């Protein structure tokens, strides 16, 4: 159904839905690993389905539609602990490339497209363990798409060769993010 921000399990999948309380967002958990999100002049939000904990060799499949109107992105999103890292494998985005201002650390070919790799640091920002300073790792697909298969191992191995290590895996989901924009998406994970 439609639900307020929170986390839990639905039809076998882990889900996490968060928003800054601005409103204008509607997140709905559907059958299996499906979820829909409709947003209109929203605040900041992130929602998706996946696993808790994720793994370093998972092959993630997603399919559906993604129609952003503004700042937003579709990605495999998750965290690792010890070290604390937030990572993204961006498959599509709207008006803003989220890696802008980031330090390019390489490139990796995987699942039909080249990806550019970047690293950035977040200072005193919210995280799964409280306020902290941690790094964000990004893999941004050059050929955008709204369905496909993601071999996470290829990204995690490429990041490691570049000195970008990961700790113990926390959740790992396919999510839709929005930052003061509008759009709609319906994605099925598996």
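Residue numbers count along the first chain shown, from 1.
In this entry, 18-26 shows the higher mean Cα temperature factor of the pair 170-178 and 18-26.
Higher mean CA temperature factor between 46-54 and 120-128: 120-128, per the PDB entry. Between the residues 94, 83, 78, 101, the entry's highest C-alpha temperature factor is the one at 101.
Comparing the C-alpha B-factors of 65, 41, 157, 149 in the entry, the top value falls on 41. Sort the chain's modelled residues by C-alpha temperature factor and residue 59 lands in the middle third, per the entry. When all modelled residues of the chain are sorted by CA temperature factor, residue 34 is found within the highest third. For residue 143, the recorded CA B-factor ranks within the middle third of the chain. Only modelled residues enter the ranking.
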